[PDB]
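Chemist: Provided herewith is a single structure, encoded as structure tokens, for subsequent inquiry.
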Amino acid sequence: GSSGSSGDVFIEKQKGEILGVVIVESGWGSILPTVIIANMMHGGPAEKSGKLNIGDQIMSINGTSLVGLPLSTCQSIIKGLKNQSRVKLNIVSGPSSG
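Take the sequence shown: its letter number 50 is residue 50 in the deposited numbering, and every next letter is one higher.
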């Protein structure tokens with residue numbers, strides 16, 4: 001049961017619906033500037049999943065590294081998960097020390 005830490009995350013949602021989550025540029029400066037959660041929808045899949053947190057970054061999406069990819073792009077790869085229910089994404093607590 002109780003389990004969830006910087007690693008392989010699984011967001012269980014329903015098809016047709018969005019990931020109900022907003023992402024933003026990982027402040028060009030951190031180790032791997034990909035993308036981090038800027039805000040969570042009040043009743044979305046991500047907010048309910050509880051697998052991520054405001055500030056955490058995504059290393060990849062279902063095996064699709066976002067390293068280097070622009071904020072606009074990374075978002076597109078996340079917007080195409082609406083047609084799917086279950087999605088796998090790698091999360092990594094942003095740069096806490098600093």
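Think of the CB as a built atom: it goes at the ideal place given N, C-alpha and C, for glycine as much as any other residue.
1. Bridge partners of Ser65, per DSSP?
2. Look at the alpha carbon of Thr34 and the alpha carbon of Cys74, and state the distance between them as a whole number of angstroms.
3. Taking the alpha helix (DSSP H) that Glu47 falls in, what are its first and last residues?
4. Is it the case that the Cβ atoms of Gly94 and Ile36 are separated by a distance below 7 Å?
5. Could you tell me the alpha carbon to alpha carbon distance between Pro45 and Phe10, rounded to whole angstroms?
Modeler: Put simply:
1. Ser60
2. 8 Å
3. 45 to 49
4. yes
5. If I take the Cα positions, the gap works out to 10 Å.
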